[PDB]
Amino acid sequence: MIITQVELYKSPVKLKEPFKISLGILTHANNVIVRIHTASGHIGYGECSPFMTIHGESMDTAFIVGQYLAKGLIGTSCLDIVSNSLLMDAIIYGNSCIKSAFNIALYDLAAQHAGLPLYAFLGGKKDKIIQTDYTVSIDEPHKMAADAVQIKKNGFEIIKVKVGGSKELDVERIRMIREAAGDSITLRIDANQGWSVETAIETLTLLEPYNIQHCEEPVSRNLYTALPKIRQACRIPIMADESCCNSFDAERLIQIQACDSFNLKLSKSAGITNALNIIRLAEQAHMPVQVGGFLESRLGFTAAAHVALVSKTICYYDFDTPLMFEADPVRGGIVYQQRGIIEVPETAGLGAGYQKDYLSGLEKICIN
């Protein structure tokens, strides 16, 4: 089925509370939306959420590069996913974030064509419960404990805590939380490259008593070679996030035994196609995978959720940010139930789209 036009949209939605990590503070989710049209009149949706300090892309750059990409895709068969992913790579290096949106949309169309929901089109099955955590922003420790409480009250059974400050402060943070919210509630932490190799090892051993599930990206992605040293000198398991973007990164990390688990994100792998490779590797190496994201709406996370059902090695889920939006512009897609349990669409394709004339109010361009 030939691709006849693609539309790109700037989708900036404000967050209720500012979102805070060791790398910076965000007030908005500044996403880019992608709609691919076929001659047969099918429409595929993709979304991406550029994060400047990690992707090295922005809503502004994504909106431009996306046009380069659309141009090259016009006239091609939306079913040749691999061919088209290569085509995009030939147009521009990197820019995985925006590429992922195109990729996701292509799979949407592919699943639609097959008359299956994405998860089934990928060979997955609904044989496990998807339960999301919820994220406490890095802040003054009292604030952080307060939030942790509210979160527990709202019924979430898994908390993800943003650390990455001084060793002293991060420990005060986890303690105040643990003593203000309980020892039964499972909690995981994320440094976003915040610590030095030194500070990491010291803080991670000082934190072990508080029973934490795993720690995401404790040090600079540039120092991934120091990960194996940290993995061995620290009980708590460490999960590679920024350090694991594509399948090559994954293989390299496995090779030097850098970490215990991965955090898989479709933006980092430039779409579903390569995410599948990372998953395979994680399987062969008996490594648990957490699927997560950035500030995608429920449309983006619906794609993540479909992919989450592809392999039993995936068993942790971080799909919370859409709940932080002032307003939900998505039509269909994953639904959040109590306890943070996620339910995946069963209709053909992605199983999500955007609310009527939400799109029409957006700054947009259209590639013929």
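One rule holds for the numbers: they count along the sequence shown, beginning at 1.
When the two stretches 276 to 284 and 137 to 145 are set side by side, the higher mean Cα temperature factor goes to 137 to 145. As listed in the deposited structure, the average C-alpha B-factor of 88 to 96 and of 154 to 162 is greater for 154 to 162. Of the candidates 183, 108, 242, 296, it is 183 whose Cα B-factor is highest according to the PDB record. Looking only at 205, 103, 269, 290, the residue with the top Cα B factor in the deposited structure is 205. Per-chain ranking of the deposited C-alpha B factor places residue 55 in the lowest third. For residue 237, the recorded CA B-factor ranks within the middle third of the chain. Only modelled residues enter the ranking.
Annotation for residue 349: CA B-factor lies in the lowest third of the chain's modelled residues. Among the modelled residues of its chain, residue 38 has a C-alpha B-factor that falls in the middle third according to the deposited record. When the CA B factors of the chain's modelled residues are split into thirds, the value for residue 22 lands in the middle one.
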